[PDB]
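Numbering (the numbering used here), first residue to last: 394 to 500.
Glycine is no exception: its CB is placed at the ideal position from the N, C-alpha and C atoms.
In what follows, a structure is listed as structure tokens, so that the remarks can point back to it.
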């Protein structure tokens with residue numbers, strides 16, 4: 394498993410202190426589009442090994458963090474660069490859509 398399973402307590406260390414790119418997924422279990430991008434995120438974790446880390450924060454189990462980033466709709470994917478959000482994607486997307494988004498914003 395290449396994915397970081399975040400908590401509200403671990404966010405600072407896992408995301409804000411990490412030396413590189415973290416793709417954070419803000420999601421919930423009852424959220425249909427959230428569950429659709431889940432296996433895509435697994436594949437991307439594999440594909441982007443050494444370029445970025447994928448991390449997931451479930452917003453019901455960890456209610457404190459989303460509001461700090463003004464998250465309303467889910468899924469919301471935030472690409473962090475050394476603790477600094479670089480890019481925002483709200484809603485579901487295919488692997489092809491995520492690849493382009495990542496390639497364009499990792500540059």
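Drop a sphere of 10 angstroms on the beta-carbon of residue i, count the other beta-carbons inside from all chains shown, and report buried for 16 or more, exposed for fewer.
i           : result
residue 438 : buried
residue 538 : Here the chain has residues from 394 to 500 only, and residue 538 is not among them.
Here's a check: name, in chain order, each residue in its chain whose Cβ is nearer than 7 Å to the Cβ of residue i, leaving out the five neighbours to either side.
i           : result
residue 421 : 427, 451, 452, 453 and 467
DSSP three-state label for residue i, please.
i           : result
residue 448 : strand
residue 395 : coil
residue 407 : helix
residue 437 : helix
residue 412 : coil
Return the chain-ordered list of same chain residues with a C-beta closer than 6 Å to the C-beta of residue i, the five sequence neighbours on each side being excluded.
i           : result
residue 483 : 466 and 469
Nearest to residue i by CA position, among the options, is which residue?
i           : options          : result
residue 488 : 415, 429 and 404 : 429
Who are the Cβ neighbours of residue i in its own chain at under 8 Å, not counting the five residues just before and after it?
i           : result
residue 448 : 396, 397, 398, 399, 407, 408, 415, 416, 417 and 418
residue 456 : 401
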